[PDB]
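Remarks on the structure that follows.
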Amino acid sequence: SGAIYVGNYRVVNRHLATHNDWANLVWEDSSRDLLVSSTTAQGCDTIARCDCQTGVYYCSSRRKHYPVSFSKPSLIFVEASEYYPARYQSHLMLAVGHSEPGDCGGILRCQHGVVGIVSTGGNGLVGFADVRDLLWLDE
Ligand SMILES: NC(=O)[C@H]1CCC(=O)N(Cc2ccc3cc[nH]c3c2)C1
Ligand SMILES: NC(=O)[C@H]1CCC(=O)N(Cc2ccc3cc[nH]c3c2)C1
Ligand SMILES: [Zn+2]
């Protein structure tokens with residue numbers, strides 16, 4: 001679990017969105033595993049606007065933060081799960097690191113701010129849904 005709170009927006013993994021997220025829906029993209037909902041209270045998380053390929057992510061299944069080198073956002077095949085059939089997930093970045101399904105929502109940050117959230121993993125990999133291209137989150 002986990003979310004990004006920026007301005008009047010809440011960014012979550014689409015597969016973990018709640019009834020309240022869907023009732024206040026702003027945008028969603030199944031191919032990216034992202035959903036953004038509106039909030040009444042202002043958030044002050046900062047989104048990175050950069051091309052960093054290193055950062056640190058929070059891993060809830062270890063209660064620890066880990067440094068990572070990750071790939072640029074790209075279209076990657078993701079095997080079927082109980083939430084999606086087998087498909088290409090877009091805007092996904094991979095890195096070597098520990099992740100389990102419940103780690104989804106952990107934030108990846110660089111020195112500029114929030115880069116994305118954990119969305120995939122397995123066998124010593126961790127995949128993050130990028131949010132740096134969503135410029136409208138800042139307005
Ligand atoms: N026309 C309708 O039936 C909609 C209109 C807008 C609307 O908020 N709902 C209720 C609702 C809310 C969240 C969720 C998640 C899943 N289903 C939901 C249903 C019903
Ligand atoms: N973005 C997706 O399509 C997700 C949807 C929810 C989901 O359970 N998965 C499989 C998955 C996710 C993380 C991990 C870490 C280790 N094994 C994992 C297996 C894929
Ligand atoms: Zn950066």
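Looking across segment 11-39, the residues that are more than 13 Å from ligand 1 (Cβ to nearest atom) and polar (S, T, N, Q) come down to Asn13, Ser30, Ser31, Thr39. Restricting attention to segment 112-131, and to residues there that are within 12 Å of ligand 3 (Cβ to nearest atom) and assigned to a strand (DSSP E or B), which single residue is farthest from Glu100 (Cα to Cα)? Ranking the qualifying residues of segment 112-131, first place goes to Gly113.
Scanning segment 57-81 for residues that are in contact (Cβ under 8 Å) with a residue 12 or more places away in the chain, over 30 Å from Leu25 (Cβ atoms) and not in a loop (DSSP other than H, G, I, E, B) yields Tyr66, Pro67, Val68, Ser69. What are the residues in segment 35-56 that are touching a residue at least 40 places away in the same chain (Cβ under 8 Å), more than 20 Å from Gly97 (Cβ to Cβ) and surrounded by 15 or more Cβ atoms within 10 Å (Cβ to Cβ), if any? Those that are touching a residue at least 40 places away in the same chain (Cβ under 8 Å), more than 20 Å from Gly97 (Cβ to Cβ) and surrounded by 15 or more Cβ atoms within 10 Å (Cβ to Cβ): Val36, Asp45, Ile47.
Summed over segment 14-67, the residues that are within 14 Å of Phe128 (Cα to Cα) and aromatic (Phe, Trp, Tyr) give a count of 3. The requirement of being within 16 Å of ligand 1 (Cβ to nearest atom) and either under 21 Å from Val36 (Cα atoms) or surrounded by fewer than 22 Cβ atoms within 10 Å (Cβ to Cβ) (or both) is fulfilled nowhere in segment 91-103; no residue meets it.
Neighbour counts run over all protein chains shown; Cβ positions are idealised from the backbone, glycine included. Any read-out appearing in this document is the output of simple, stated calculations on the displayed coordinates, not a laboratory observation.
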